[PDB]
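Take a look at the structure below.
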Amino acid sequence: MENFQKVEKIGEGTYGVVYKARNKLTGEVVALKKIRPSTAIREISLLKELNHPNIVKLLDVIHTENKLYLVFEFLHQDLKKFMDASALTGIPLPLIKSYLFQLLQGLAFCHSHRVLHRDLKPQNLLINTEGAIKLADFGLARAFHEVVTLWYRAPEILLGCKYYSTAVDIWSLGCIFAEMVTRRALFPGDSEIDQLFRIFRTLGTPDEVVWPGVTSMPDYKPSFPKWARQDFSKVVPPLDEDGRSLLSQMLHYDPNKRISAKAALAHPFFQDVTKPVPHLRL
Ligand SMILES: CC(C)Nc1cc(N[C@H]2CC[C@H](N)CC2)nc2c(C#N)cnn12
């Protein structure tokens, strides 16, 4: 759109391409997403209102000549690239902690307004030079080829629950937490059943004891194999006891048992939280 000069393509998305761009009438540099219903219009207009330091700012919605552009604040790296960059050494735990804590704050905000992300993944998490981490694409899922990753998907989604809650985002972030610690994807599924079966092999096949109502889930099958739960000391070493306590609460099968973002903020793991600055080279 005429008011913006593209500077570079900064990624492919689900809904379209993302450009780094410069506004001519503000001089501001940004991230310009090109998308493809008034419902979608109203939903997005809602998002322009949920402003939080840990949510990528939606600057402007441009519904011109019947295409849709979303103008966001620009950030210089995402967490996936940073992870890949930190791999030989791993992200220091104090930064993992700070990142988790900030994200939890962003979630507690979104969720308190009844807005879910639905699709948390490292690629949707964006970082700056100042030690901040922000959720991007928040709200688009409920508002609207390269394969979409299943790795972070909550089990109730995989089992065909149509009415997810805020807990699906806690799950995702817990998968993200585990991955930052270990330097390997927690559950790298390459189909819905592989993804489910990886969850099962690690946390154990859910039943009515741990997850009441699980056997009445739409895509649940009495024929699922019955794997034993592993020890968390095996899953994410060498995360401490507080860290492992927290992760287990984020990965609870029953979404009603699963810790909230707000309760997670009070967990003892955060007793000593700080705000380190990452070494990122741009
Ligand atoms: C320089 C770069 C890290 N800045 C980016 C990239 C980016 N890519 C999107 C691709 C599609 C994904 N589902 C989500 C991330 N998006 C943004 C924003 C936004 N919004 C701001 N900076 N960046």
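Each position is counted from 1, following the chain as shown.
Heads up, the Cβ atoms here are built off N, Cα and C, so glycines get one too.
The number of other Cβ atoms within 10 Å of the Cβ belonging to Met1 (N-acetylmethionine), over all protein chains shown, comes to 13. According to DSSP, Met1 (N-acetylmethionine) is assigned to coil rather than to any helix or strand. Look at Swiss-Prot and you will find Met1 tagged as N-acetylmethionine, backed by a large-scale study or a structure entry.
Residues annotated as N6-acetyllysine in Swiss-Prot, with a large-scale study or a structure entry given as evidence: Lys6. Annotation note: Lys6 (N6-acetyllysine) sits in a strand segment as assigned by DSSP. Note: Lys6 (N6-acetyllysine) has non-local neighbours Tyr19, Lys20, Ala21, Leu32, i.e. same-chain residues 6+ apart with C-beta under 8 A of its own C-beta.
Per Swiss-Prot, site 'CDK7 binding' is recorded for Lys9 (among others).
The ATP binding site annotation in Swiss-Prot covers 10-18, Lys33, 73-75, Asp78, 121-124, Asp137. Over all protein chains present, the Cβ of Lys33 (ATP binding site) has 22 other Cβ atoms lying within 10 Å. In this structure, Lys33 (ATP binding site) is part of a beta strand by DSSP.
Per Swiss-Prot, the feature phosphothreonine maps to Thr14; the stated evidence is experimental evidence. Its Cβ placed at the centre, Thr14 (phosphothreonine) has 14 other Cβ atoms within 10 Å.
Marked as phosphotyrosine by Swiss-Prot: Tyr15 (among others). Its Cβ placed at the centre, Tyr15 (phosphotyrosine) has 16 other Cβ atoms within 10 Å.
All chains included, 20 other C-beta atoms sit within 10 angstroms of the C-beta of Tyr19 (phosphotyrosine). Annotation comment: Swiss-Prot describes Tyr19 (among others) as phosphotyrosine, evidence class a large-scale study or a structure entry.
Less than 8 angstroms from the CB of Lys80 (site 'CDK7 binding') sit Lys121, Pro122, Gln123, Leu125, each of them six or more residues away in the same chain. A helical conformation is recorded for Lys80 (site 'CDK7 binding') in the three-state DSSP classification. Annotation comment: Swiss-Prot describes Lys80, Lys81 (among others) as site 'CDK7 binding', evidence class experimental evidence.
The active site, proton acceptor annotation in Swiss-Prot covers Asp119. The number of other CB atoms found within 10 A of the CB of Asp119 (active site, proton acceptor), across every protein chain shown, is 20.
A 10 Å cutoff on Cβ-Cβ distances gives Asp137 (ATP binding site) a total of 25 other Cβ atoms nearby, all chains included. The feature Mg(2+) binding site is assigned by Swiss-Prot to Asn124, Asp137.
The annotation site 'CDK7 binding' is assigned in Swiss-Prot to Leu150 (among others) on the grounds of experimental evidence. In the shown protein chains, 20 other C-beta atoms lie within 10 A of the C-beta of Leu150 (site 'CDK7 binding'). In the three-state DSSP assignment, the secondary structure recorded for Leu150 (site 'CDK7 binding') is coil.
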Inset, instruction - Count the other Cβ atoms sitting within 10 Å of the Cβ of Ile10 (ATP binding site), across every protein chain shown. - result: 19
Inset, instruction - Measure the gap spanned by 8 unmodelled residues: take the Cα of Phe144 and the Cα of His145 and state their separation in Å as a whole number. - result: 17
Legend entry - Entries of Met1, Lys6, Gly13, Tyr15, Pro122, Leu150 (recorded positions) sitting next to ligand 1, with Cβ under 6 Å as the cut-off: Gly13
Inset, instruction - Going by Cα-Cα distance, pick out whichever of the recorded positions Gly16, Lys33, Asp119, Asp137 is nearest to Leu150 (site 'CDK7 binding'). - result: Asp119
